[PDB]
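Take a look at the structure below.
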Amino acid sequence: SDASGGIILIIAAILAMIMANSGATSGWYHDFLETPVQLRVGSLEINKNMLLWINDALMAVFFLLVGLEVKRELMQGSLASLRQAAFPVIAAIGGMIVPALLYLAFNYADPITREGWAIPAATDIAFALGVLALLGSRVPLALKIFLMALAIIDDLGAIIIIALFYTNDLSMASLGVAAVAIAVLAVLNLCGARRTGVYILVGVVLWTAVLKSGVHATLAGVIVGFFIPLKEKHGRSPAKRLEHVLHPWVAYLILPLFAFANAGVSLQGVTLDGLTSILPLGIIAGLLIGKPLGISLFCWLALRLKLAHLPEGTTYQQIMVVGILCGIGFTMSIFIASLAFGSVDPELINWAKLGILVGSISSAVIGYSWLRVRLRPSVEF
Amino acid sequence: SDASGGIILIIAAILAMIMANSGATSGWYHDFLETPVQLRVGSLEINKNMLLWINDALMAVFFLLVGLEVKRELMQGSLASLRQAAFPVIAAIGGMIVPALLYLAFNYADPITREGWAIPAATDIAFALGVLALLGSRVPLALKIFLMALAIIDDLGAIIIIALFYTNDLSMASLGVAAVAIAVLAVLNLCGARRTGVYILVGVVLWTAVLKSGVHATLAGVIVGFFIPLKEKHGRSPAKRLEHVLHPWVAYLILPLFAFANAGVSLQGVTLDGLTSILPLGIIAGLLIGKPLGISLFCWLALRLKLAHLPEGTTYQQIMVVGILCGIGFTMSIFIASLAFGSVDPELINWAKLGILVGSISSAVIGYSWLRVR
């Protein structure tokens, strides 16, 4: 049903463009989105916009799910055995280096815009499986496994690196409470509690603790996911169950809402035909060329270097098309930009939005057409 | 396991007394509890204490559970049929009138302290079933049904009345959003959605909207509970399930935390031996005498007036003892006082805490000894 998740996502985002363009709404839209939000507890004052609380919450939840999933893979899936996992992993660290270097060579030596190196290295999972689910039963599962592993390694990779990069801002008190929350999660696991709500609570305390850092409040949900018990010992599993409960929310509510909030951009307001700025074309090159070339090349090199591939997907034809499909960073690229540029500049965000809008809808349509003539046609009669 | 829930509740409250008494901690305790909390959204500024957010949240959840339970009773339990429900209902409206009137006669014409008339009419369910579970398997289920019906009718009754009393404060915008949230709950129920989380979300919107009123933020959870589908059509029931999931939280976390936060009161600080003030003695009269006399009398009168009783509980001996057991308003009385006196005075709250502490530990020890021999 990730076809309807895809279409509801695209309806959301398109409705956000409409919102941010039409005069009658594009004012309410921005005055809502840029509304100041601050919380004061006696002397404690924490302030951000609406959009930043929204983003931090939504990505916290999303990466809670991603944490759950990457654990499941890491112990019972295509990331469990050192054999299977070799191919996606190699395909990833290559599907990230190339998108950056095509963007950094196009952004040579500009200390402001250098920091958005990790922008092409993102891939919007929902839009990829969204378009991919439009082809129906013609699509093999080895392909979706491969892609869903690639998206996760690259995105969680970028989030980890970005987490490591900006640390200057976290107070020792917040880091103390963070560490003690994590330790509570640990003891909670090792003492084995089925009750997952407790893990969630302590998780929220960890989130609030690092709340003054979107990348850390995001990474909080991944920590929470990583610390929820997996084993079916109970007869049921809490991690698997929770994940099953999340899947609908994060696909019908969380992502479409996030798109509705962060994909709206004014065009009628301003559309300067010169998309030749080092950011738009640097990013476009990082997604439309950086992704497919990185993926494809590193998979060739993976097969050569003794490391085989994930079964029944045509390495010459389909793998490279998945490589293109990796070039849609949409929501995740918007989030990464909103991390690397959120504090520094509000206008680099919009040109990044443009560049990644172009790189996305292009690698999505291009990847679509070369793929509609590569499925062996499920005949009906 | 409401025995362990009871003992963990009493450990929490006692630990709160220790907290608020011992010099080394009674400062941190109060500076934590009285810490200013304010949220600002552009021009929107909402501000309360830590204790007020804590109370509103905890009572929202609690009365979500109570909403669920009272619905379950209203359709599939002791409150379903007009026959069985007659006895607890009559026993309640009499177990509320008498506690007030014994407190209002003791608080004749004092426009400040009149308002706490609904303080003795509360009954801390957790402490009642907490001491009641200390007796073990000797306790019949008709008694627990009767008491758990009384507690709810009386407490939900007081909350409803208090909800209707102070309306002067709620903005038309917040009321508008409240009404539209409730409407969404309605449409969501009539279009039959299994997914209970949606009901919870809309529920939270309702809560947030009426957030500037503890009694309405509390009543929000009851609205949410009322609007969650009950039928076992799915093969399972979402309201029953959710209630089942709630029961351990609200007993092990919510109540002991609430008692740890609202039962701590300084004695070493001040203990004037004059507990003759119209509040302490009016309250004590309302709980220790008001409750048992109200209950027992209205149950006698219930049996007389054609309305029979709940099966296999001795009306002469046990019923009156339950009437005593209703005289422990502990947490609920604390909440009611924190509603009628939260905005008017910080010191009427503490004398209320004392009066209801006395009335509670006394009606619990007295109700205990007369019951260990029955």
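So the sequence lines, in the order shown, correspond to chains A and B.
Going by the entry's author numbering, 301 is the number at position 292 of the first sequence; the sequence numbering is gapless.
Going by the entry's author numbering, 152 is the number at position 143 of the second sequence; the sequence numbering is gapless.
In this text, a Cβ means the ideal position worked out from N, Cα and C, and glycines have one as well.
Per DSSP, reduced to three states, the secondary structure at residue 91 (chain B) is coil, with no helix or strand assignment. The straight-line gap separating the alpha-carbon atoms of residue 217 (chain B) and residue 322 (chain B) is approximately 43 Å. Annotation for residue 134 (chain A): the continuous alpha helix (DSSP H) segment containing it runs 134-141. At a Cβ-Cβ threshold of 7 Å, residue 360 (chain B) and residue 257 (chain B) do not count as neighbours.
Note: residue 53 (chain B) is bridge-paired with B:50 in the DSSP secondary-structure output. Scanning its chain for C-beta atoms nearer than 8 Å, with the 5 sequence neighbours on each side dropped, one finds around residue 358 (chain A) the residues 346, 347, 350 and 351, in chain order. Taking CB atoms only, residue 214 (chain A) has no neighbour in chain B less than 7 Å away.
Of all C-beta pairs linking the stretch 268-287 of chain A to the stretch 74-83 of chain A, fewer than three are shorter than 8 Å, placing the two stretches out of contact. Its Cα nearest to that of residue 374 (chain A), the residue A:331 stands out among A:331, A:390 and A:388. Under the DSSP definition of a beta bridge, residue 58 (chain A) partners with A:45. Close partners of residue 44 (chain B) in chain A (Cβ separation under 8 Å): 50 and 51.
Chain-order list of chain A residues neighbouring residue 326 (chain B): empty, with the shortest C-beta distance near 41 Å, by a criterion of under 9 Å.
When 8 Å is used as the limit between beta carbons, residue 85 (chain B) is near no residue of chain A, the shortest such separation being about 26 Å.
Contact annotation: residue 369 (chain A) and residue 337 (chain A) have beta-carbon atoms nearer than 7 Å.
In this structure, the beta-carbon distance from residue 307 (chain B) to residue 133 (chain B) does not fall below 7 Å.
Secondary structure of residue 325 (chain B) (DSSP, three-state): coil. For residue 47 (chain B), the residues of chain A that pass the 8 Å Cβ criterion are 48, 49 and 50, in the order they occur in the chain. Restricting attention to B:52, B:105, B:60 and B:46, the CA atom closest to the CA of residue 355 (chain B) is found in B:60. Counting along the chain, residue 387 (chain A) sits inside no alpha helix (DSSP H), nor does DSSP assign it H or E at all. Beyond the five residues adjoining it in sequence on each side, residue 299 (chain A) comes within less than 6 Å, by CB distance, of 107, 108, 111 and 129 in the same chain, given in chain order.
Residue 319 (chain A) carries a coil assignment under DSSP once its states are collapsed to helix, strand and coil.
Using a Cβ distance threshold of 7 Å, residue 156 (chain B) and residue 100 (chain B) do not count as a contacting pair. When only Cα atoms are considered, residue 116 (chain A) and residue 200 (chain B) end up about 54 Å apart. Residue 211 (chain B): member of the alpha helix (DSSP H) spanning 205-218, first to last residue. Under the Cβ criterion (8 Å, minimum of three pairs), the stretch 268-279 of chain A counts as touching the stretch 13-23 of chain A.
DSSP, read as helix, strand or coil, puts residue 247 (chain A) in helix. Across the set B:29, B:25, B:147 and B:174, the C-alpha of B:29 shows the shortest separation from the C-alpha of residue 275 (chain B).
In this model, residue 94 (chain A) and residue 87 (chain A) are separated by some 6 Å (Cα to Cα). Going by DSSP, residue 356 (chain B) is part of the alpha helix (DSSP H) stretching over 355-378. Annotation: residue 116 (chain A) is outside any alpha helix (DSSP H) and is labelled neither H nor E by DSSP. If you draw a straight line from the Cα of residue 11 (chain A) to the Cα of residue 164 (chain A), it is about 19 Å long. Of the candidates B:144, B:174, B:295 and B:242, the residue whose Cα lies closest to the Cα of residue 381 (chain B) is B:144.
Counting other Cβ atoms within 10 Å of its Cβ, residue 187 (chain B) reaches 16 or more and is therefore classed as buried.
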